[PDB]
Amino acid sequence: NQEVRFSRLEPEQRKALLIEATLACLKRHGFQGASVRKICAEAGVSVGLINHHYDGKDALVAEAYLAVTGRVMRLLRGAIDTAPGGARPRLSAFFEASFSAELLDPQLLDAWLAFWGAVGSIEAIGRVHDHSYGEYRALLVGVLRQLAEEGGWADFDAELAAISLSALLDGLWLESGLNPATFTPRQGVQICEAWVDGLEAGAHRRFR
């Protein structure tokens, strides 16, 4: 009865259940302890069923990382895409989304941590990182080029400025998860807005 019952679920639903089991096992066991046998016992499905769709642990883990990062990117792109009057309203919309409960909640931190640990070893995972971190900076690069044009800053290295702002957001996201009482989500927005003020006040010059 397991061979039919999993299979009769909708594709997006089968996929979501396996990624949820991969995430739970990464939390409990770390990347090195996750196995397809654990993931399938967590999911409540047969291992033979899964061997057909996935190569192994690396493939399951990569699909989970792809989905989590895809989700972030949709919320952040959505925030920009619905923002109005130009570069700073767009950055603000981004900063607000970044420190919303959706993105700031540390539920998945151990997963992220597990993902980041596997980046240096597994090409499948290393590639998801490079792709997603580049997609993420490309979004900031766009709005920073827009901001430079408004400025209009002569030869602004938007790529390096994007590495700066992404690093700040990352650092704030991480510290927040390690202890949420260090600063409030609103202080997080305020810090990011101060960084953009800093550029408009003349720091753009340091970025070529």
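All residue numbers are counted from 1 along the displayed sequence.
If you take the mean CA temperature factor per stretch, which one wins between 185-193 and 5-13?
Between 5-13 and 185-193, it is 5-13.
Could you settle it for me: does 88-96 or 120-128 have the higher average Cα B factor in the PDB entry?
According to the PDB entry, the answer is 120-128.
From 64, 168, 162, 47, pick the one with the largest CA B-factor in the entry?
Answer, based on the entry's C-alpha B-factors: 47.
Rank-wise, by C-alpha B-factor, drop residue 51 into the lowest, middle or highest third of its chain.
Highest third - that is where residue 51 ends up once the chain's C-alpha B-factors are sorted.
Using the B-factors in the PDB entry, rank residue 29's C-alpha atom against the chain and give the third, lowest, middle or highest.
As the PDB entry reports it, the C-alpha B-factor of residue 29 lands in the middle third of its chain.
Of the three thirds of its chain by CA temperature factor, lowest, middle or highest, which one includes residue 140?
Its C-alpha B-factor, which the entry lists for residue 140, ranks in the middle third among residues of this chain.
Which third of the chain holds residue 40 when residues are ordered by C-alpha B factor: lowest, middle or highest?
CA B-factor rank for residue 40: lowest third.
Ranking every modelled residue in this chain by its Cα temperature factor as given in the entry, which third contains residue 174?
It falls in the bottom third of the chain.
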